[PDB]
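The form deposited in one PDB entry is given below as one chain in structure tokens.
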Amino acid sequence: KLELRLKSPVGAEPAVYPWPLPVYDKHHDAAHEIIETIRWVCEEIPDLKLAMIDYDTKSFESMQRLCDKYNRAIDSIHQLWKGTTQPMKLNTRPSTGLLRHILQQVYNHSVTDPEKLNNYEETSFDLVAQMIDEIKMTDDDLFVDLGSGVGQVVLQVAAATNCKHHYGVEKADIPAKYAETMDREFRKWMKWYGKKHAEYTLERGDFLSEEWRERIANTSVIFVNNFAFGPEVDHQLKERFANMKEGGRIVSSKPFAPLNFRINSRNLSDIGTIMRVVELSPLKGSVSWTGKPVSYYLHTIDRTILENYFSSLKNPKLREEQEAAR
């Protein structure tokens, strides 16, 4: 019963892999997960990087010597920390690079049968990462991913921000089931690397439900991957966003209002009367399954647009101009 073990850099239980090393899917396997874990612990601790592809992933002896050599170096770093050298700060957030590794790792150990999940169908990782940098978030914020799937986006944002809470809501059974495991695997692996995350919850639910009406209303940052949603769903979401508070934000893959919205007597009731909508800077090189470069849209709840329209109706000069155009 042959095995490979990697020690945690902060003394959690070791990662143990059987030999021969499992394959996770067409592009991922345990051997590369091991190599990349070592790579990433080395980025996490430069003394280790100091001490550390001429390796044969199909040879037990070659892979055992890699793991033994990492494990020795870890022991020696733990000794160094007992001395005068300061240990690695705990309670930090993972870098974007490490987080990407962690999420792949969590996925590798959580979604055993990809196929079961495919029948409900991560360049998104980079897009979300850009959004985390642009959309400033604080501990006043509540975050939701509407239609969260197996939960990856919620995990990523929770690892990276100070929002008071992060939620994902998913209706379908397969993805909700896998999210429970993703959650367990995520907490285990974040502990393994010694890294912190903000609070989060993954839930089974319908975000168009009556419970979610009030919850949407109290959320300050919503992400929603709506490009492929149909008009009735989008229409129903527009109605839930109408109760959001001023400064609330929605980031989506298809805008919920025209980018050039001109308020007038016929469109007074439209969601565009209460939000600024902008097309966000796209990430060079990122392209959708449609071939085009990706785009995403930021909506900010701003009721001063509506206020100014009403004020303008009181001004006979402005009222005439408006009336003459339309």
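Residue indices: 1-based, along the sequence shown. For the two forms, the rigid core is made up of the largest set of C-alpha atoms that agree within 1.5 Å on superposition.
Q: Please determine whether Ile34 lacks coordinates in at least a third of the other PDB entries of this protein that model its flanking residues.
A: no, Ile34 modelled in all other entries.
Q: Looking at the other compared entries that model residues on both sides of it, is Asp141 unmodelled in at least a third of them?
A: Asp141: modelled in every other compared entry.
Q: Just how many deposited residues go unmodelled from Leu259 to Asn260: none, 1 to 3, 4 to 9, or 10 or more?
A: Gap between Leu259 and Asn260: none, chain continuous.
Q: Per the entry, how many residues of the deposited chain go unmodelled between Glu115 and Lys116: none, 1 to 3, 4 to 9, or 10 or more?
A: Gap between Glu115 and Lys116: none, chain continuous.
Q: If you average the CA temperature factors as listed in the entry, which stretch comes out higher, 291-299 or 33-41?
A: Between 291-299 and 33-41, it is 291-299 that shows the higher mean C-alpha B-factor.
Q: On average, which has the higher Cα B-factor in the deposited entry, 210-218 or 101-109?
A: For C-alpha atoms only, the mean B-factor is higher in 210-218.
Q: According to the deposited entry, which of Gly194, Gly83, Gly147, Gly248 has the largest Cα B-factor?
A: Highest CA B-factor of the listed options: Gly83.
Q: Which listed residue, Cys67, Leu50, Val278, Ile271, has the largest C-alpha temperature factor in the record?
A: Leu50 has the highest C-alpha B-factor of those listed.
Q: Going by the recorded CA B-factors, say which third of the chain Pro255 sits in, lowest, middle or highest.
A: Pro255: CA B-factor falls in the lowest third of its chain.
Q: Pull the Cα B-factor of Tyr178 out of the PDB entry and bin it into the chain's lowest, middle or highest third.
A: Within its chain, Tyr178 is a highest-third residue by C-alpha B-factor, going by the deposited values.
Q: Per the entry's values, where does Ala324 land by CA temperature factor relative to the rest of its chain, in the lowest, middle or highest third?
A: Answer is highest: the recorded C-alpha B-factor places it there.
Q: Looking at the C-alpha B-factor of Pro46, is it in the lowest, middle or highest third of its chain?
A: Middle third of the chain for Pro46's C-alpha B-factor.
Q: Among the chain's modelled residues, which third holds the C-alpha B-factor of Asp141?
A: Ranked within chain, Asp141 CA B lands in the middle tercile.
Quick note: we don't show the form deposited in another entry, though the next part is all about it.
Q: Rigid core as reference, CA moved 2 Å or more between the shown form and the other one - which of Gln64, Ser288, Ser265, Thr300?
A: Between the two forms, the residue that moves is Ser288.
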